[PDB]
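All remarks here apply to the structure that follows.
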6 protein chains.
Amino acid sequence: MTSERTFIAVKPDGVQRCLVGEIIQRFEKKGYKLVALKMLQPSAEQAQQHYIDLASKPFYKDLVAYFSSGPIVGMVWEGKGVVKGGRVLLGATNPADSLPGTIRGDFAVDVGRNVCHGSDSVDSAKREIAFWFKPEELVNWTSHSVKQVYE
Amino acid sequence: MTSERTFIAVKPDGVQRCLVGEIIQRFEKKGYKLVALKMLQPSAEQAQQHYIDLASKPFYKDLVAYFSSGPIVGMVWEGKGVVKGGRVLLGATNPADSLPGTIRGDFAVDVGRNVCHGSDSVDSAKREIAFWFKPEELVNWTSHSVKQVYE
Amino acid sequence: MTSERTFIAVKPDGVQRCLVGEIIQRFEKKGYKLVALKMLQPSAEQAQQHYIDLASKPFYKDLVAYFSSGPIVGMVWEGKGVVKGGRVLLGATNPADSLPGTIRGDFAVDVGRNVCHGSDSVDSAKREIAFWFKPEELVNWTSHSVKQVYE
Amino acid sequence: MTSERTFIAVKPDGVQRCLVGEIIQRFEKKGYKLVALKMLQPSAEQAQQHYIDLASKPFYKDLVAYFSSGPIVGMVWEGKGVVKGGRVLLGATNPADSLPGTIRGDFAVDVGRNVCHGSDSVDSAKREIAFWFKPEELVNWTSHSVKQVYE
Amino acid sequence: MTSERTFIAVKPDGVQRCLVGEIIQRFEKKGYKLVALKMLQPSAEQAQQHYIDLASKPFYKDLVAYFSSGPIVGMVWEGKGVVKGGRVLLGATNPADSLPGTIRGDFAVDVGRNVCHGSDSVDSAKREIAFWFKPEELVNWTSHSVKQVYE
Amino acid sequence: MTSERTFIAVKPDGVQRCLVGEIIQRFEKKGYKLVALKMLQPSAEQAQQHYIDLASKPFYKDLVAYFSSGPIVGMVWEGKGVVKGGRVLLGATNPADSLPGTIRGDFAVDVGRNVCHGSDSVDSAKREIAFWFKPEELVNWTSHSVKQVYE
């Protein structure tokens with residue numbers, strides 16, 4: 001019933017290189033609806049609870065310090081199976097395994113600077129929604145293409 | 001030598017989402033000679049003969065009903081392996097399986113709303129050109145860049 | 001006045017340099033509904049009545065020949081200020097006078113090869129629509145975002 | 001001069017016309033830096049307070065109605081001549097007078113649904129951001145091509 | 001007049017800002033023929049002589065120093081009025097004065113970093129060709145689409 | 001490593017199909033810095049040493065004639081995995097098997113007219129850098145964005 005949302009956010013290196021628009025159009029062109037959208041410097045504490053599962057790895061400190069290094073576009077988006085679909089639309093986390101046509105395969109090159117963050121699962125979707133977003137900031141509304149998008 | 005000719009009809013949603021230019025641009029910069037075109041409101045009776053292969057299937061009334069909900073560009077392209085090759089350009093029928101870089105993967109989401117159609121084979125194509133288009137609607141010409149596309 | 005129509009034609013050189021897609025996209029992305037679309041080589045006979053206003057001009061001999069030399073993407077576009085806005089989108093008659101952002105301004109060099117026509121008036125438009133297309137060829141529907149193009 | 005700021009908002013017709021990325025893109029591709037960006041349904045008193053200058057207006061109640069009939073994108077952008085120049089990007093108030101290559105010239109037919117609003121002067125700009133944005137939301141950062149934007 | 005050439009040089013900031021191809025595509029799509037190209041670092045005795053009209057100006061040193069600070073892509077561009085057309089495609093000397101769709105209006109913001117140079121006269125081009133390019137690096141060929149661009 | 005340089009040569013069909021701009025702008029958005037870029041109608045004698053290993057093959061001759069039927073744009077792109085990833089940017093040598101979103105995938109149809117050329121190894125890149133270029137043509141500077149594409 002088209003119920004999934006997925007958190008989508010452009011990392012500093014993409015935003016720093018004028019990619020906020022393209023990534024935004026890419027989802028709009030897929031047939032995805034926006035729910036909430038901002039531009040925040042994620043604080044050291046936030047990125048850490050965000051990357052809580054990556055807390056024990058050696059590359060971890062460099063990841064959040066990079067992730068905190070500048071203001072990020074946080075977003076929610078709406079589609080069916082959006083989490084897997086955004087994940088396909090993003091490509092593989094290492095922009096080397098991702099084919100061109102996917103975003104990271106198109107704009108990034110190295111895994112440390114991979115343009116964006118998209119939720120790995122449903123469990124990840126909701127947690128990343130509760131974390132970056134207040135409940136009221138997710139606006140409910142109808143896209144005008146809806147019936148020509150969904151059956 | 002005369003080439004394979006596909007039959008590519010852009011669906012009611014495709015025109016309605018305003019990618020006729022985006023779509024025509026693809027078979028174009030690829031190297032294909034469009035040999036026949038018109039924009040029509042496809043008759044239910046006309047549609048029925050198109051999906052005559054399934055006239056026993058249940059969604060059949062909804063398909064004919066939806067395929068008549070908006071206008072169609074009824075197209076004919078030329079090129080070596082244009083039927084399979086256009087299907088290569090299009091992606092798989094279901095857009096979630098469609099690789100970005102394609103028409104279906106780059107622009108839409110849903111299968112009942114997969115933006116455009118193409119004959120699955122020459123045999124299907126050859127029936128599909130003769131049905132939607134009059135023989136004189138098929139423009140016979142040589143492009144000024146035939147020699148640079150073809151050896 | 002959303003109901004107003006015009007007539008664009010990509011001329012022989014227009015297809016032959018492979019710019020059909022770029023042209024069609026710009027009219028699409030602006031927010032007009034394509035109503036009728038085809039591809040034809042005009043018989044010198046058809047080119048004549050289109051130019052019957054200049055059948056007595058000095059360049060009528062060349063103008064017919066230039067128009068008959070290639071196939072043509074015959075088009076009917078719909079919506080508010082589609083006549084005036086469309087011609088402006090094409091730019092000046094001479095592409096030497098055509099501005100950046102224009103089809104002739106971005107892609108062409110000579111008035112002898114100005115790549116494209118756009119209805120100079122409603123009078124010419126409606127005559128040009130009736131002249132190229134049957135009514136059973138104009139496909140009347142509604143854009144999913146028309147309510148967002150239109151009040 | 002370089003730290004001059006301006007207010008631009010896409011109205012309801014824009015967001016519901018899937019133009020959000022395209023409007024952002026012509027500024028970012030222009031090379032103006034994003035300062036603050038949020039998606040909001042502006043309230044009755046708010047919509048009135050922005051047009052408090054138009055309080056004695058017969059099209060006021062309907063303007064309040066439209067500006068509130070859909071979601072809005074309230075944006076901030078920084079750079080030299082960002083106030084004057086941004087207006088040139090949007091085009092003039094009438095979309096029929098907005099020139100090919102401007103936002104309004106490329107994406108709209110009528111003044112009443114003109115997709116985008118721009119600060120008209122420096123004084124107005126600070127008034128339009130100070131009313132619409134909180135102080136902490138206005139982001140301080142530096143684009144990697146600042147030295148390649150500016151002397 | 002179809003045989004005219006012009007010198008277009010993408011400036012150090014042009015090289016640095018990821019735009020070399022987009023620049024080439026802009027002449028290429030317009031209808032212009034690449035005559036010659038190289039990627040060099042222009043010497044001080046090169047730039048001073050290139051600009052000997054500006055060798056005595058109060059900004060002469062820092063001018064040569066900037067234009068010497070990064071590599072430049074020297075181009076030679078052929079066609080009917082390629083000099084007069086090319087400057088127009090590029091935009092005005094002042095990118096604050098440069099309009100949408102020009103090289104300077106779309107990418108740059110301030111004159112001291114105006115991304116691109118265009119021959120201002122036939123005399124200046126042939127000086128700008130002979131001083132910048134060797135006799136043999138100037139390619140004589142006919143484009144396969146010349147007949148579709150000219151009469 | 002980070003410093004690796006690859007060779008790219010754009011085909012005669014490439015200049016002629018109006019694509020050199022699309023080719024370079026693609027490598028630029030990637031994170032790659034242009035180290036060398038030149039243009040020439042190449043001698044048959046050249047096409048000999050680049051294609052020396054095949055000199056006894058029956059398909060050598062038409063090959064030399066084609067790579068000599070038009071001009072060529074020779075490039076040297078810098079970046080991590082420029083040879084390896086860059087090929088994925090081109091697609092498979094046969095544009096027919098090449099996935100759309102790639103270069104030969106987005107524009108070419110038949111392998112005999114395959115638009116561009118990328119190095120196949122570390123070994124060939126260094127020979128091809130030796131062949132198309134004098135050492136003085138290679139330019140040494142820093143892209144203002146390096147610290148953001150890289151760690």
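Letters for chains follow the order of the structure tokens (A, B, ...), residue numbers begin at 1 for each chain, and ligand numbers begin at 1 in the order shown.
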Which residues of chain F have any atom within 12 Å of an atom in chain A when counting only C-alpha atoms, and what is the closest pair of atoms for each, with the distance in Å to one decimal? Order the rows by chain and rising number and write it as a tab-separated table.
residue	atom	partner	partner_atom	distance
F:1	CA	A:110	CA	11.5
F:2	CA	A:110	CA	10.4
F:25	CA	A:107	CA	11.6
F:26	CA	A:106	CA	8.6
F:27	CA	A:106	CA	9.4
F:28	CA	A:107	CA	9.4
F:29	CA	A:107	CA	6.1
F:30	CA	A:107	CA	5.0
F:31	CA	A:108	CA	7.1
F:32	CA	A:109	CA	9.4
F:79	CA	A:109	CA	8.9
F:80	CA	A:109	CA	7.6
F:81	CA	A:109	CA	8.4
F:82	CA	A:109	CA	9.6
F:84	CA	A:96	CA	9.6
F:85	CA	A:96	CA	7.2
F:86	CA	A:100	CA	10.0
F:87	CA	A:100	CA	10.5
F:88	CA	A:100	CA	7.2
F:89	CA	A:100	CA	6.4
F:90	CA	A:100	CA	9.4
F:91	CA	A:100	CA	9.0
F:98	CA	A:100	CA	11.0
F:99	CA	A:100	CA	8.6
F:100	CA	A:101	CA	7.5
F:101	CA	A:101	CA	4.7
F:102	CA	A:100	CA	6.2
F:103	CA	A:100	CA	9.6
F:105	CA	A:100	CA	10.4
F:106	CA	A:101	CA	10.4
F:144	CA	A:17	CA	10.8
F:145	CA	A:17	CA	8.1
F:146	CA	A:13	CA	10.6
F:147	CA	A:13	CA	9.4
F:148	CA	A:13	CA	5.7
F:149	CA	A:113	CA	6.2
F:150	CA	A:113	CA	6.8
F:151	CA	A:112	CA	6.8
Please produce a file of the residues just selected, as a compact mmCIF listing (two decimals), in the first residue's frame, where the atoms kept are N, CA, C and O atoms.
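Saved as again10.txt:
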# COMPACT_ATOMS: atom_id res chain seq x y z
N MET F 1 47.42 3.98 -8.31
CA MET F 1 47.38 4.97 -7.20
C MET F 1 46.62 6.22 -7.63
O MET F 1 45.96 6.20 -8.66
N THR F 2 46.71 7.28 -6.82
CA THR F 2 46.03 8.56 -7.05
C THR F 2 46.53 9.25 -8.31
O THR F 2 45.81 10.03 -8.96
N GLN F 25 33.09 16.39 -20.39
CA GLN F 25 32.24 16.75 -19.24
C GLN F 25 31.91 15.54 -18.37
O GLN F 25 31.70 15.68 -17.16
N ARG F 26 31.89 14.36 -18.97
CA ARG F 26 31.64 13.12 -18.24
C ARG F 26 32.82 12.75 -17.35
O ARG F 26 32.65 12.35 -16.19
N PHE F 27 34.03 12.88 -17.88
CA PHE F 27 35.21 12.55 -17.10
C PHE F 27 35.49 13.60 -16.01
O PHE F 27 36.04 13.29 -14.94
N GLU F 28 35.05 14.83 -16.25
CA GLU F 28 35.24 15.95 -15.31
C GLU F 28 34.40 15.84 -14.03
O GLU F 28 34.94 15.94 -12.93
N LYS F 29 33.09 15.65 -14.18
CA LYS F 29 32.18 15.43 -13.05
C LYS F 29 32.61 14.22 -12.20
O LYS F 29 32.19 14.07 -11.04
N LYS F 30 33.44 13.38 -12.80
CA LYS F 30 33.91 12.14 -12.18
C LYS F 30 34.84 12.42 -10.98
O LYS F 30 34.74 11.75 -9.95
N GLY F 31 35.69 13.43 -11.10
CA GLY F 31 36.69 13.76 -10.09
C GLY F 31 38.06 13.79 -10.73
O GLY F 31 39.08 13.94 -10.06
N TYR F 32 38.06 13.65 -12.05
CA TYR F 32 39.28 13.52 -12.84
C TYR F 32 39.75 14.89 -13.35
O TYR F 32 38.94 15.70 -13.82
N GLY F 79 43.63 10.37 -12.10
CA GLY F 79 42.73 9.93 -11.03
C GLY F 79 43.00 8.51 -10.57
O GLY F 79 43.68 7.75 -11.25
N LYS F 80 42.47 8.15 -9.40
CA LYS F 80 42.58 6.80 -8.87
C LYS F 80 41.75 5.85 -9.71
O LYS F 80 40.54 6.04 -9.85
N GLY F 81 42.39 4.83 -10.26
CA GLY F 81 41.71 3.81 -11.05
C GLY F 81 41.12 4.37 -12.34
O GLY F 81 40.06 3.93 -12.80
N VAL F 82 41.83 5.35 -12.91
CA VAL F 82 41.49 5.98 -14.19
C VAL F 82 41.43 5.03 -15.40
O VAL F 82 40.53 5.15 -16.23
N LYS F 84 41.15 1.60 -15.12
CA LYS F 84 40.19 0.57 -14.71
C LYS F 84 38.71 1.02 -14.65
O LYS F 84 37.85 0.44 -15.34
N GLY F 85 38.42 2.03 -13.83
CA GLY F 85 37.07 2.63 -13.74
C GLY F 85 36.63 3.35 -15.01
O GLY F 85 35.48 3.24 -15.42
N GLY F 86 37.56 4.09 -15.63
CA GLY F 86 37.30 4.86 -16.85
C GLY F 86 36.76 4.03 -17.99
O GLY F 86 35.94 4.50 -18.77
N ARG F 87 37.21 2.79 -18.08
CA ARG F 87 36.72 1.85 -19.07
C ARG F 87 35.25 1.53 -18.82
O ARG F 87 34.44 1.42 -19.75
N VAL F 88 34.90 1.41 -17.54
CA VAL F 88 33.51 1.18 -17.15
C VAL F 88 32.68 2.40 -17.52
O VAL F 88 31.50 2.27 -17.84
N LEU F 89 33.30 3.58 -17.50
CA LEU F 89 32.66 4.79 -18.01
C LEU F 89 32.41 4.69 -19.51
O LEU F 89 31.38 5.16 -19.97
N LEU F 90 33.34 4.08 -20.25
CA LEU F 90 33.18 3.87 -21.70
C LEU F 90 32.15 2.79 -22.00
O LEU F 90 31.33 2.93 -22.90
N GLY F 91 32.23 1.70 -21.24
CA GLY F 91 31.43 0.51 -21.51
C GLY F 91 32.30 -0.50 -22.21
O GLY F 91 33.52 -0.27 -22.38
N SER F 98 27.23 -3.11 -24.16
CA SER F 98 27.49 -2.03 -23.20
C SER F 98 26.20 -1.51 -22.59
O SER F 98 25.28 -1.13 -23.32
N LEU F 99 26.16 -1.46 -21.26
CA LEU F 99 24.97 -1.01 -20.52
C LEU F 99 24.75 0.50 -20.63
O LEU F 99 25.70 1.27 -20.48
N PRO F 100 23.51 0.93 -20.91
CA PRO F 100 23.19 2.36 -21.04
C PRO F 100 23.55 3.14 -19.77
O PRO F 100 23.35 2.63 -18.67
N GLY F 101 24.08 4.36 -19.94
CA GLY F 101 24.67 5.12 -18.83
C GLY F 101 26.17 5.19 -19.00
O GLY F 101 26.85 6.01 -18.38
N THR F 102 26.69 4.30 -19.85
CA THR F 102 28.09 4.33 -20.28
C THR F 102 28.22 5.18 -21.55
O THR F 102 27.20 5.57 -22.12
N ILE F 103 29.44 5.45 -22.00
CA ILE F 103 29.64 6.30 -23.18
C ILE F 103 29.29 5.61 -24.50
O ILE F 103 28.45 6.10 -25.25
N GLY F 105 27.71 3.00 -24.57
CA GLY F 105 26.35 2.57 -24.27
C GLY F 105 25.29 3.62 -24.53
O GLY F 105 24.17 3.31 -24.93
N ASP F 106 25.64 4.89 -24.32
CA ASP F 106 24.68 5.96 -24.51
C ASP F 106 24.58 6.52 -25.91
O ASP F 106 23.61 7.19 -26.22
N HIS F 144 41.07 22.32 -7.61
CA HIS F 144 40.64 22.91 -6.34
C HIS F 144 39.77 22.00 -5.51
O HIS F 144 39.49 22.29 -4.35
N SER F 145 39.38 20.86 -6.09
CA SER F 145 38.43 19.92 -5.46
C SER F 145 39.05 18.59 -5.01
O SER F 145 38.37 17.76 -4.41
N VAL F 146 40.34 18.39 -5.30
CA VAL F 146 41.08 17.15 -4.96
C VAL F 146 40.88 16.66 -3.51
O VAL F 146 40.57 15.48 -3.26
N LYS F 147 41.03 17.57 -2.55
CA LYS F 147 40.86 17.26 -1.13
C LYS F 147 39.44 16.77 -0.80
O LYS F 147 39.19 16.29 0.29
N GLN F 148 38.51 16.87 -1.76
CA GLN F 148 37.14 16.42 -1.52
C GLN F 148 36.70 15.17 -2.28
O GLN F 148 35.76 14.48 -1.87
N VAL F 149 37.38 14.91 -3.39
CA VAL F 149 37.20 13.68 -4.13
C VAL F 149 38.08 12.63 -3.47
O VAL F 149 37.80 11.43 -3.56
N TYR F 150 39.14 13.08 -2.79
CA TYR F 150 40.08 12.17 -2.13
C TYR F 150 40.21 12.44 -0.63
O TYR F 150 39.85 13.51 -0.16
N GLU F 151 40.74 11.44 0.08
CA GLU F 151 40.99 11.46 1.53
C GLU F 151 42.30 12.18 1.91
O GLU F 151 43.26 12.21 1.15
Margin query: All C-alpha atoms, paired in order, least-squares superposition of chain A on chain E: what RMSD does that give?
Written below: 0.8 Å
Note to self: Considering only C-alpha atoms, can you say which of A:76, A:46, A:136, A:52 comes closest to residue 33 of chain A?
What the structure shows: A:76
Once DSSP has gone over the backbone, tell me which residues of segment 11-109 of chain E are in strand (DSSP E or B), as a tab-separated table (two decimals) with N, CA, C and O atoms, in the first residue's frame.
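And here's out-v4.tsv as it stands now:
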chain	number	residue	atom	x	y	z
E	33	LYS	N	33.02	23.18	-36.31
E	33	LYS	CA	34.01	22.13	-36.57
E	33	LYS	C	35.33	22.40	-35.85
E	33	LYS	O	35.94	23.46	-36.05
E	34	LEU	N	35.76	21.45	-35.03
E	34	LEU	CA	37.04	21.53	-34.31
E	34	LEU	C	38.18	21.46	-35.31
E	34	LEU	O	38.29	20.49	-36.06
E	35	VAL	N	39.00	22.51	-35.33
E	35	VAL	CA	40.11	22.62	-36.26
E	35	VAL	C	41.41	22.16	-35.63
E	35	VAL	O	42.25	21.55	-36.29
E	36	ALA	N	41.55	22.46	-34.33
E	36	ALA	CA	42.78	22.19	-33.59
E	36	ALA	C	42.63	22.40	-32.08
E	36	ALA	O	41.85	23.24	-31.61
E	37	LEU	N	43.42	21.65	-31.33
E	37	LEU	CA	43.35	21.66	-29.89
E	37	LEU	C	44.68	21.26	-29.30
E	37	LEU	O	45.47	20.53	-29.91
E	38	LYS	N	44.94	21.79	-28.11
E	38	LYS	CA	45.96	21.26	-27.19
E	38	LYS	C	45.72	21.72	-25.73
E	38	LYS	O	45.03	22.72	-25.46
E	39	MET	N	46.27	20.94	-24.81
E	39	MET	CA	46.30	21.30	-23.41
E	39	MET	C	47.73	21.66	-23.07
E	39	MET	O	48.62	20.79	-23.06
E	40	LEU	N	47.94	22.95	-22.82
E	40	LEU	CA	49.25	23.50	-22.50
E	40	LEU	C	49.26	24.37	-21.24
E	40	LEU	O	48.20	24.71	-20.69
E	72	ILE	N	45.56	25.70	-19.78
E	72	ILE	CA	44.47	26.24	-20.58
E	72	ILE	C	44.23	25.30	-21.74
E	72	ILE	O	45.16	24.69	-22.26
E	73	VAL	N	42.98	25.18	-22.16
E	73	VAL	CA	42.73	24.45	-23.39
E	73	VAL	C	42.53	25.41	-24.58
E	73	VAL	O	41.47	26.01	-24.74
E	74	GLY	N	43.59	25.56	-25.37
E	74	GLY	CA	43.50	26.34	-26.60
E	74	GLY	C	42.70	25.58	-27.65
E	74	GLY	O	42.97	24.41	-27.94
E	75	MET	N	41.71	26.25	-28.21
E	75	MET	CA	40.92	25.65	-29.27
E	75	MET	C	40.94	26.53	-30.51
E	75	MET	O	41.20	27.73	-30.43
E	76	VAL	N	40.69	25.90	-31.66
E	76	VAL	CA	40.49	26.62	-32.92
E	76	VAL	C	39.14	26.13	-33.44
E	76	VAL	O	38.94	24.92	-33.57
E	77	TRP	N	38.21	27.06	-33.72
E	77	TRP	CA	36.86	26.68	-34.17
E	77	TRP	C	36.40	27.23	-35.51
E	77	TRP	O	36.30	28.44	-35.70
E	78	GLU	N	36.08	26.35	-36.45
E	78	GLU	CA	35.75	26.78	-37.82
E	78	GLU	C	34.25	26.98	-38.06
E	78	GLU	O	33.42	26.33	-37.42
Next item on the list: Could you check how far atom CA of residue 119 of chain E sits from atom CA of residue 137 of chain E, in Å to one decimal?
Entry: 18.2 Å
Next item on the list: Using backbone DSSP assignments, extract all alpha helix (DSSP H) residues from chain C; output them as a VMD selection string.
Entry: chain C and resid 12 to 16 20 to 30 44 to 50 60 to 68 82 to 90 103 to 107 122 to 132 146 to 149
Check: Can you tell me how far atom CA of residue 141 of chain F sits from atom CA of residue 70 of chain E, in Å to one decimal?
Finding: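 Atom-to-atom, atom CA of residue 141 of chain F and atom CA of residue 70 of chain E are spaced 6.1 Å apart.
In this comparison, which uses only C-alpha atoms, the residue of C:138, C:18, C:44, C:8 approaching residue 69 of chain C most closely is C:44.
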Margin query: I want to know what sits within 12 Å of residue 45 of chain D, based on only C-alpha atoms, with residues of the same chain fewer than 2 positions away left out; could you give that as a ChimeraX atom specification?
Written below: /D:41-43,47-52,55,61,64-65,67-68,131
Checklist line | Coordinates-based distance that separates atom CA of residue 117 of chain A from atom CA of residue 11 of chain A (Å, one decimal) | finding: 6.7 Å
I'd like the neighbourhood of residue 21 of chain C as a compact mmCIF listing (two decimals) with N, CA and C atoms, in the first residue's frame, where a residue qualifies if any of its atoms comes within 6 Å (using only C-alpha atoms), though same-chain residues fewer than 2 positions away should be ignored.
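Saved the output as around.txt:
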# COMPACT_ATOMS: atom_id res chain seq x y z
N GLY B 21 10.10 14.06 -25.64
CA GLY B 21 11.41 14.59 -26.01
C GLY B 21 12.55 13.81 -25.42
N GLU B 22 12.45 13.50 -24.13
CA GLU B 22 13.45 12.67 -23.44
C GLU B 22 13.54 11.28 -24.06
N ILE B 24 12.25 10.29 -27.27
CA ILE B 24 12.68 10.35 -28.66
C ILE B 24 14.18 10.63 -28.73
N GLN B 25 14.72 11.33 -27.73
CA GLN B 25 16.14 11.64 -27.75
C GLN B 25 17.02 10.39 -27.68
N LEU C 19 18.71 16.17 -33.52
CA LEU C 19 18.32 17.09 -32.43
C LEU C 19 16.82 17.05 -32.05
N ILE C 23 15.00 19.14 -28.69
CA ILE C 23 13.85 20.02 -28.98
C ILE C 23 12.58 19.60 -28.24
N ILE C 24 12.24 18.32 -28.36
CA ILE C 24 11.02 17.80 -27.76
C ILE C 24 11.05 17.90 -26.22
